[PDB]
Amino acid sequence: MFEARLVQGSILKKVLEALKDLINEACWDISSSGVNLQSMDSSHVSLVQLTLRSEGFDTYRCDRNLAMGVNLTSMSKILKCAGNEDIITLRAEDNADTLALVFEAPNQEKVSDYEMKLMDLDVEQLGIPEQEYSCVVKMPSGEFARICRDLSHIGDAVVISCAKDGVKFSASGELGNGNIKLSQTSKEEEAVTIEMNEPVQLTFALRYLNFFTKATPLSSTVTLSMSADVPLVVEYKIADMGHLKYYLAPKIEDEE
Amino acid sequence: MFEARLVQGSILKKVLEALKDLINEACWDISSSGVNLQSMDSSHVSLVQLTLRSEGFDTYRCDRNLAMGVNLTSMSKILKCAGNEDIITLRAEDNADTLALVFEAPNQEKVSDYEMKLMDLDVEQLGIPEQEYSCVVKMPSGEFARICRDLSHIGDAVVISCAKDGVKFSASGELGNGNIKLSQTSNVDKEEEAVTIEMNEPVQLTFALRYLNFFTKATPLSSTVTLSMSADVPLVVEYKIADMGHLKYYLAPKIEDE
Amino acid sequence: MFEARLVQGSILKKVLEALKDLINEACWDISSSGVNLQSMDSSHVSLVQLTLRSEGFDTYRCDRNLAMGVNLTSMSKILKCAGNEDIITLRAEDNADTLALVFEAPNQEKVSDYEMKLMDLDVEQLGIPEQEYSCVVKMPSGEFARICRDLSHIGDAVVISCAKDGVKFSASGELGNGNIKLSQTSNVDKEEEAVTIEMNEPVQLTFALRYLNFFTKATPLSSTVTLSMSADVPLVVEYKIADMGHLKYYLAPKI
Amino acid sequence: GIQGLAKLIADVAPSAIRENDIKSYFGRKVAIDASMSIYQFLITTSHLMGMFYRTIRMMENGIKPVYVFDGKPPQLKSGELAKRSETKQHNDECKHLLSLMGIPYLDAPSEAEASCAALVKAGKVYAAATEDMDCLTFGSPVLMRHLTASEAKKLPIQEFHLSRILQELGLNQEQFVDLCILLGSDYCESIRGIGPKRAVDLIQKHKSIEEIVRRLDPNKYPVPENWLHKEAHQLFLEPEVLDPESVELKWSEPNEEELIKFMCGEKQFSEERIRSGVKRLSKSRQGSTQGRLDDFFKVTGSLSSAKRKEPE
Amino acid sequence: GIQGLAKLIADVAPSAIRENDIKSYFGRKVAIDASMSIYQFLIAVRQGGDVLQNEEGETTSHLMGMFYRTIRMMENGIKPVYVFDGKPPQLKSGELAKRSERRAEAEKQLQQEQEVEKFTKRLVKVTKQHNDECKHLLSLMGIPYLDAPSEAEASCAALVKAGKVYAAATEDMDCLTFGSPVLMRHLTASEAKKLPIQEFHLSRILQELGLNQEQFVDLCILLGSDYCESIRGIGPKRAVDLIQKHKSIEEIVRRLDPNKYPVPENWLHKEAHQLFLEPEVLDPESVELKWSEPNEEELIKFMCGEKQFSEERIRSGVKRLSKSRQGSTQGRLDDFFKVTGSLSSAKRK
Amino acid sequence: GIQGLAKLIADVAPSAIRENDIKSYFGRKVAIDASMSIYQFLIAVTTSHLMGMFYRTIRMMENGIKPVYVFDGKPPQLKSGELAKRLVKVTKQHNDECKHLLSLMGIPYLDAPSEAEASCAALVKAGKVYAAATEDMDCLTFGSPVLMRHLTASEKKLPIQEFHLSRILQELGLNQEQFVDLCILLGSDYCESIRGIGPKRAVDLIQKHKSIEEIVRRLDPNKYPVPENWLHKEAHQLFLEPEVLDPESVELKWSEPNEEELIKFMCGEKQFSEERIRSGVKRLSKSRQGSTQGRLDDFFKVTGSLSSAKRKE
Ligand SMILES: [Mg+2]
Ligand SMILES: [Mg+2]
Ligand SMILES: [Mg+2]
Ligand SMILES: [Mg+2]
């Protein structure tokens, strides 16, 4: 049984619009510690990890851990029924049959409530190990989101390169190829920062990245962590409540 | 003969947009009174009651009554050529076979005029007796729009539950159910152009959201809609047009038979 | 060797948008004097005349005259990758196999550079000798754009009838007919939103709206478009570009 | 049914006949003549295929059907004609595909058509749907034709209002009965004399054939052999029909499996379809609570656009 | 015509030869060789197997030809201008005076296979007065016809140059020897033969061979015209380099020639080279061509009437003739601004 | 190696060490000090230099560890007068046999100039390889950002241990330079250390007076004698600017093993059980087929499956 009251309703809205297109169903991990959600995409080539700490909710109460099987698209619709300013509250009984989403409106007049039917679902879980990537880029959520979009027009694979003072996403295709160099800032609004140990040049499928970018409204800044021949970690920090990470396996390069 | 000059042309534009989508064609009953129009949807579970008092037109003139058969859609298309701020002017000959429309931009630098083909058409009428209702909810027309839409994603049937306290729209479907509840903010005067209810007895009728979502197409016509209800009787969603008329939609209940 | 640095890339973004759909590919006639481009559509019915004078580039260096075969559409995509406020730079070397476009965003740290594949192409040309016109009309680029867009919803061809007092556009079709008369903006004398009409003798010609609503795609380039016509001769729809050039469209009358 | 009747009406009281669209019948409960219906489909899985599809279309538009069967036939003209000289297999195979779709059915004490009328004139159903005008003779207020036509044949349904017929022809039901008889009843031989339009007039100033005969009498207009102009006039009045109130029809929910396991299987036919079919039938059930505006507002009439001049 | 011409151009440089389709010729005027056509029509419906009678029967080709063909044209947006020949130049040989070459009249006497008895097409030079027979159909059809001064081939090729039309419609290639900037063949073809039309861009020729209108005429006369004579040992391509060098039927007979290739007696290469340059062509101006509308009945009668024809189709023919004049036809920019060449992308390397 | 650097780091700086299962290294490219590897291989409990590299490589393969073997080049000048006078081995020119096997297995191998781990570390630094593999820790002091130990030394089966250079410096408060002196101070392969100094003291002494020279001056009471002719300045230089490969001129590529050839070489020339090689070879060509697309399945262990709680109607 858990009940959470988030006055920043919209966060939830953003958090779902940021998950649905990439994964259809999933299991929410509610406990006294907070709310989490980790699932791979149907193709197992990508994986998202949500984390909402309980200290982040205006009110949070749990007396018995749960796991609600949810058809994210359905929850996506029900949240589209809450104004960006409403105070959202989630409440789920023990052997929960449904999840209750309540929307209180600012202008004390309207109050909506829904009961989303839950499902029997079994999501496979992974153990992501803490590791030190040999290149970490922190940049504007907006920019990274544009880079992936434009680049998806030239070709379908992006080649991120990273040195000590700049990073470069380039992609080739039918009409040609294109490069986009970001140079390290060095005060200002949102600057690009590279904390590189070893240089890197990876390849990733833009299709997948363009999904990750749906999470852009959750944070002004976005940070990419990368290494040799393993996954790329795209992270959006969610205010002072937690964060959201997407991991994307790389496209295998010439080693044949 | 027939010639109406309406300064607020947007009214026609807006009207024909509300209508074209719920009924494909209909008869405009022209008279010395004004312009009126009635027709039901092919299922006959609802109907539109358009009324434009000749008192509202800048200039009116109908010596002999007319009943124009009009393919609504075509009007919609021709009126989309009218400037939201132009002076639409209808005109029709005695045994007319076409309708003259004249859009006048106030800036006097532009004037259009289209001649639209008319058609033959018979339209089953219905007599809606003047009657007082148990519940009458005046509320933001755009609010009522969002409600009908949103619940239309949960279920396809809504339960309106009016009371002295407030209205409660509810729907239920495959993914579950939801209930929006508006209250009478007797909170003096602060906030939005909230909801107000006049009511003799609490009512609770069910309706086909599929239809209400057609009615709401008339939203740009009034910043507030008013739902009049009475037990086991059809719903009335009314959009007041300026002070020259109104647009009423009628909808048959859900006979919760047993 | 050719290099053009234009502070207001938008012009370019727009210019292509105006072409992309009327002509799939054309030859860019570069030179020490600027960038030009002529071409007809497949049907040999319409024609486009792009003229960007070098005086209109913050940096324009070219020695020898060059000619580039380009897939307007393809080039339109590489251009959509630039921001309405980026500083674009076109760059191409001799016997260029590709055109280089460098997008400098105002966010100083961003620098995009795409290499576009050029193509081999031969585009038929035309001689359009300067000719005075019976009637000419300077009217809002938007008003014209709407009239064409609208009448097109009535018929597939419009009949322009210009006269001293003013011009009248008219269609007819499956669902009735329509006419749109534009009085000359005398009283409402307000520079831009003005409708002026110079006339010799009254004209009246026909044109296919389909080809016209292709020219209108050039509307975001100028707050005003001008129609120049005379009997038996093709119609010219002119969109002046900033103070660096213009873009002209010619349409073959109907009879 | 009755001969040349439709034309007679069409030709002398068109106000009693309307050409409406199948959709306008949403919410209406109709009495059908299974017999004739089942027959229509034939003219061998058709006796049920059409009994399938059609009933789905009738449902899809909001129309709630009640198929009716005949019992022990009465003294019909050509009926007992071969007797002057002296099965239900594919029939009941339908009385099954129905309850398996949640569709009512009733065993008429004799002639369904009469029973159908019996219902209609009891508020138990809206109109009767047959192809034979008989229903009108039997006193039915509303008769709907073509409601069982193929989805293809884009024919609209044809409605008939008895109370409008009686209106124009200025004659009571009974007076109307005699007309049908002299028009060409399928119960007894008509009279070689009178013509379609002619037969009307006589009845108009002679409220009975009994009075029409004694008048015109020459060997120029002889009255039939064994003319039961009486026995018949009776049937059309007081037939043999199951009481209306006797039962309450209730449209049930279709049983996908049990049925599809007794159709595409036991009678072999494209599965993909009869599946999406049972699916659609199950959907139409949704609005089986949605009332009509008729249910609350009296029908005013009809506004007809002004007759357009010519290419002026 | 000019033998080899088609092949040479076909081989040497196919660039000037497009394979367009009728549909794409809308709103385009054309000057058709009234003669070259009627002739064409007759020498077609000649199955060398059909039963032959002594006296020639009543032919219906010329009419059935002009009809259904000038229909498809108009129905495609093409505005034809038929042009009948006039008074042949006093240059018999090469074609005329060749009644001796028209000595198949005897060949066709044998009869005794069904592929050689068909060499009766020589006897089908019978242009006779199918003209006064077709001009009647044309007037009833609306189309405008013209009686050129002499060989219609040049008159038509003149009108094109005079911008008074888009191009010449004739199978005879000698139309490019008059300057006609564009010549399209296979037009008067058969809606049924469904033979894609071909366009010859005269300039694109001279811009592949090099020469100009003057030289070209040398190469054509040297290739074999029908106005005068030609060389003996040299032919098609076997005499193109000889024109690209010495370019002049005079500076040619004096360089690189063991004389074992002698010039015909009183050879009129000079007086002919002049003709294929200043032909007796009518005035383009007084040519106020004017497509009208069908005389309807006047045509059903004359057709199915004086000369029996399925009235159920002649009507249906004139029916689809009017529905082809409805509305208005689109002009082509080409026909307004003179082409000035093509701009071509720099060698992509 | 570097006498005691192991435990020292274990203590003073634990955030630098981390033990991890092979599996976790999927997809990771690693440079292995073949020589050191080969000798270590020899000491088992001949044909061990082969038996070893053959299997130890397969296991690596099976987990998805693309490796490159690096072979020592010309030994840089140093005195290793380790007299002879148990299992005393001396890996000499077996290399060729090994280089041969690898070639057959399709595993790449580089020939470095001087020291192998020197070069190895060079690759790690460039980002041409995830880490360097050796039991000899002087790879770190040679600058290697990362070094995992026990990836071949399997001979029991201890867990691969990964040292992170950066953390070693942070924890200790030293800089590569300083660090190298610390190492030399501990017990280098290139020059005697300062007798008597304890690894701990060694650390202090370095963080106090940043360098070895600086330590000699500002210490020295006889109690801390210096080695005979010390070559610490000589050593320290080797650790800093060593002769290595050009990480850029590296062309790492893995080929498919050639079963035939292998059985010929192992089960033919170097008499080995055909049962064993055939089967091993099988495992190899299986992993070999590297998922042309990484599924996060390979990179991360499956912890389990979260099951939506039972519902109560
Ligand atoms: Mg019967
Ligand atoms: Mg019966
Ligand atoms: Mg060493
Ligand atoms: Mg070593």
# chains A, B, ... in the order shown; residues from 1 in each chain; ligands from 1

$ residues_near_ligand --ligand "ligand 1" --cutoff "10 Å" --atoms "only C-alpha atoms and all ligand atoms" --output "PyMOL selection string"
chain D and resi 1-2+33+35-36+73+76+79+111-114+130-135+185-187

$ closest_atom_pairs --of "segment 189-210 of chain B" --to "segment 36-54 of chain B" --cutoff "12 Å" --atoms "only C-alpha atoms" --output "JSON lines"
{"residue": "B:207", "atom": "CA", "partner": "B:45", "partner_atom": "CA", "distance": 10.4}
{"residue": "B:208", "atom": "CA", "partner": "B:45", "partner_atom": "CA", "distance": 9.6}
{"residue": "B:210", "atom": "CA", "partner": "B:46", "partner_atom": "CA", "distance": 11.2}

$ write_last_selection --atoms "C-alpha atoms" --output "mmCIF file, in the first residue's frame"
data_model
loop_
_atom_site.group_PDB
_atom_site.id
_atom_site.type_symbol
_atom_site.label_atom_id
_atom_site.label_comp_id
_atom_site.auth_asym_id
_atom_site.auth_seq_id
_atom_site.Cartn_x
_atom_site.Cartn_y
_atom_site.Cartn_z
ATOM 1 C CA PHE B 207 -24.897 9.951 -22.472
ATOM 2 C CA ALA B 208 -22.880 8.944 -25.511
ATOM 3 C CA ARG B 210 -19.305 10.179 -29.083
#

$ residues_near_ligand --ligand "ligand 3" --cutoff "8 Å" --atoms "only C-alpha atoms and all ligand atoms" --output "ChimeraX atom specification"
/F:1,36,115-118,136,138-139,189

$ atom_distance --atom1 "atom CA of residue 57 of chain D" --atom2 "atom CA of residue 127 of chain D"
17.2 Å

$ atom_distance --atom1 "atom CA of residue 150 of chain E" --atom2 "atom CA of residue 124 of chain E"
21.3 Å

$ residues_around --residues "segment 13-16 of chain E" --least-positions-apart "2" --cutoff "8 Å" --atoms "only C-alpha atoms" --output "list in words"
residues 8, 9, 10, 11, 18, 199, 200, 201, 202, 203, 204, 205 and 208 of chain E

$ closest_residue --among "F:48, F:77, F:3, F:114" --to "ligand 4" --atoms "only C-alpha atoms and all ligand atoms"
F:114

$ decode --residues "segment 199-228 of chain D" --atoms "N, CA and C atoms" --output "PDB file, in the first residue's frame"
ATOM      1  N   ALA D 199     -60.886  -1.504 -58.251  1.00  0.00           N
ATOM      2  CA  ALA D 199     -61.249  -2.175 -57.004  1.00  0.00           C
ATOM      3  C   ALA D 199     -61.344  -1.223 -55.818  1.00  0.00           C
ATOM      4  N   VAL D 200     -60.502  -0.199 -55.810  1.00  0.00           N
ATOM      5  CA  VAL D 200     -60.533   0.777 -54.733  1.00  0.00           C
ATOM      6  C   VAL D 200     -61.896   1.460 -54.744  1.00  0.00           C
ATOM      7  N   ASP D 201     -62.113   2.279 -55.767  1.00  0.00           N
ATOM      8  CA  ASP D 201     -63.349   3.032 -55.939  1.00  0.00           C
ATOM      9  C   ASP D 201     -64.603   2.296 -55.464  1.00  0.00           C
ATOM     10  N   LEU D 202     -64.835   1.097 -55.985  1.00  0.00           N
ATOM     11  CA  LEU D 202     -66.005   0.328 -55.577  1.00  0.00           C
ATOM     12  C   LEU D 202     -66.090   0.266 -54.065  1.00  0.00           C
ATOM     13  N   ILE D 203     -65.012  -0.193 -53.439  1.00  0.00           N
ATOM     14  CA  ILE D 203     -64.963  -0.304 -51.987  1.00  0.00           C
ATOM     15  C   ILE D 203     -65.255   1.041 -51.318  1.00  0.00           C
ATOM     16  N   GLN D 204     -64.909   2.128 -52.004  1.00  0.00           N
ATOM     17  CA  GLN D 204     -65.112   3.463 -51.462  1.00  0.00           C
ATOM     18  C   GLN D 204     -66.563   3.862 -51.248  1.00  0.00           C
ATOM     19  N   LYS D 205     -67.464   3.359 -52.086  1.00  0.00           N
ATOM     20  CA  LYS D 205     -68.878   3.686 -51.929  1.00  0.00           C
ATOM     21  C   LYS D 205     -69.698   2.427 -51.677  1.00  0.00           C
ATOM     22  N   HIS D 206     -68.990   1.363 -51.314  1.00  0.00           N
ATOM     23  CA  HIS D 206     -69.569   0.063 -50.996  1.00  0.00           C
ATOM     24  C   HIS D 206     -68.610  -0.525 -49.962  1.00  0.00           C
ATOM     25  N   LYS D 207     -68.846  -0.220 -48.690  1.00  0.00           N
ATOM     26  CA  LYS D 207     -67.980  -0.683 -47.610  1.00  0.00           C
ATOM     27  C   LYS D 207     -67.898  -2.193 -47.427  1.00  0.00           C
ATOM     28  N   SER D 208     -67.924  -2.930 -48.532  1.00  0.00           N
ATOM     29  CA  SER D 208     -67.829  -4.387 -48.489  1.00  0.00           C
ATOM     30  C   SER D 208     -68.011  -4.985 -49.876  1.00  0.00           C
ATOM     31  N   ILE D 209     -67.436  -6.163 -50.086  1.00  0.00           N
ATOM     32  CA  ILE D 209     -67.568  -6.832 -51.367  1.00  0.00           C
ATOM     33  C   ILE D 209     -68.999  -7.356 -51.436  1.00  0.00           C
ATOM     34  N   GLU D 210     -69.529  -7.750 -50.281  1.00  0.00           N
ATOM     35  CA  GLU D 210     -70.888  -8.273 -50.185  1.00  0.00           C
ATOM     36  C   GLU D 210     -71.890  -7.313 -50.819  1.00  0.00           C
ATOM     37  N   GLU D 211     -71.564  -6.026 -50.795  1.00  0.00           N
ATOM     38  CA  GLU D 211     -72.429  -5.006 -51.370  1.00  0.00           C
ATOM     39  C   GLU D 211     -71.977  -4.700 -52.792  1.00  0.00           C
ATOM     40  N   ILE D 212     -70.697  -4.933 -53.059  1.00  0.00           N
ATOM     41  CA  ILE D 212     -70.141  -4.684 -54.382  1.00  0.00           C
ATOM     42  C   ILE D 212     -70.670  -5.718 -55.374  1.00  0.00           C
ATOM     43  N   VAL D 213     -70.816  -6.957 -54.914  1.00  0.00           N
ATOM     44  CA  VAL D 213     -71.311  -8.023 -55.774  1.00  0.00           C
ATOM     45  C   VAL D 213     -72.747  -7.792 -56.213  1.00  0.00           C
ATOM     46  N   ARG D 214     -73.661  -7.733 -55.248  1.00  0.00           N
ATOM     47  CA  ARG D 214     -75.067  -7.534 -55.564  1.00  0.00           C
ATOM     48  C   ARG D 214     -75.305  -6.361 -56.513  1.00  0.00           C
ATOM     49  N   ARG D 215     -74.367  -5.424 -56.578  1.00  0.00           N
ATOM     50  CA  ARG D 215     -74.512  -4.292 -57.487  1.00  0.00           C
ATOM     51  C   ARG D 215     -74.146  -4.768 -58.898  1.00  0.00           C
ATOM     52  N   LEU D 216     -72.887  -4.605 -59.304  1.00  0.00           N
ATOM     53  CA  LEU D 216     -72.472  -5.068 -60.629  1.00  0.00           C
ATOM     54  C   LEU D 216     -72.767  -6.565 -60.633  1.00  0.00           C
ATOM     55  N   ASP D 217     -73.531  -7.026 -61.616  1.00  0.00           N
ATOM     56  CA  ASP D 217     -73.908  -8.434 -61.653  1.00  0.00           C
ATOM     57  C   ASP D 217     -73.924  -9.117 -63.027  1.00  0.00           C
ATOM     58  N   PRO D 218     -73.834  -8.345 -64.124  1.00  0.00           N
ATOM     59  CA  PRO D 218     -73.859  -9.012 -65.429  1.00  0.00           C
ATOM     60  C   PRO D 218     -72.847 -10.141 -65.594  1.00  0.00           C
ATOM     61  N   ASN D 219     -73.028 -10.925 -66.653  1.00  0.00           N
ATOM     62  CA  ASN D 219     -72.121 -12.021 -66.955  1.00  0.00           C
ATOM     63  C   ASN D 219     -70.872 -11.381 -67.558  1.00  0.00           C
ATOM     64  N   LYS D 220     -70.739 -10.074 -67.334  1.00  0.00           N
ATOM     65  CA  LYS D 220     -69.610  -9.284 -67.820  1.00  0.00           C
ATOM     66  C   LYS D 220     -68.595  -9.080 -66.686  1.00  0.00           C
ATOM     67  N   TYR D 221     -69.027  -9.390 -65.465  1.00  0.00           N
ATOM     68  CA  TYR D 221     -68.195  -9.276 -64.271  1.00  0.00           C
ATOM     69  C   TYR D 221     -68.668 -10.325 -63.263  1.00  0.00           C
ATOM     70  N   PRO D 222     -68.490 -11.616 -63.596  1.00  0.00           N
ATOM     71  CA  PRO D 222     -68.887 -12.753 -62.755  1.00  0.00           C
ATOM     72  C   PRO D 222     -68.030 -12.925 -61.505  1.00  0.00           C
ATOM     73  N   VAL D 223     -68.648 -13.390 -60.425  1.00  0.00           N
ATOM     74  CA  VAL D 223     -67.931 -13.611 -59.176  1.00  0.00           C
ATOM     75  C   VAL D 223     -67.399 -15.044 -59.119  1.00  0.00           C
ATOM     76  N   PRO D 224     -66.136 -15.212 -58.711  1.00  0.00           N
ATOM     77  CA  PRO D 224     -65.433 -16.490 -58.594  1.00  0.00           C
ATOM     78  C   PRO D 224     -66.236 -17.736 -58.278  1.00  0.00           C
ATOM     79  N   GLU D 225     -65.592 -18.870 -58.525  1.00  0.00           N
ATOM     80  CA  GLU D 225     -66.141 -20.196 -58.294  1.00  0.00           C
ATOM     81  C   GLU D 225     -66.512 -20.347 -56.823  1.00  0.00           C
ATOM     82  N   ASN D 226     -65.623 -20.981 -56.065  1.00  0.00           N
ATOM     83  CA  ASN D 226     -65.817 -21.169 -54.635  1.00  0.00           C
ATOM     84  C   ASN D 226     -65.174 -19.957 -53.978  1.00  0.00           C
ATOM     85  N   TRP D 227     -65.885 -18.836 -54.008  1.00  0.00           N
ATOM     86  CA  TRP D 227     -65.370 -17.602 -53.442  1.00  0.00           C
ATOM     87  C   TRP D 227     -65.578 -17.527 -51.943  1.00  0.00           C
ATOM     88  N   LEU D 228     -64.471 -17.573 -51.211  1.00  0.00           N
ATOM     89  CA  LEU D 228     -64.505 -17.500 -49.759  1.00  0.00           C
ATOM     90  C   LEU D 228     -64.195 -16.059 -49.367  1.00  0.00           C
TER      91      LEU D 228
END
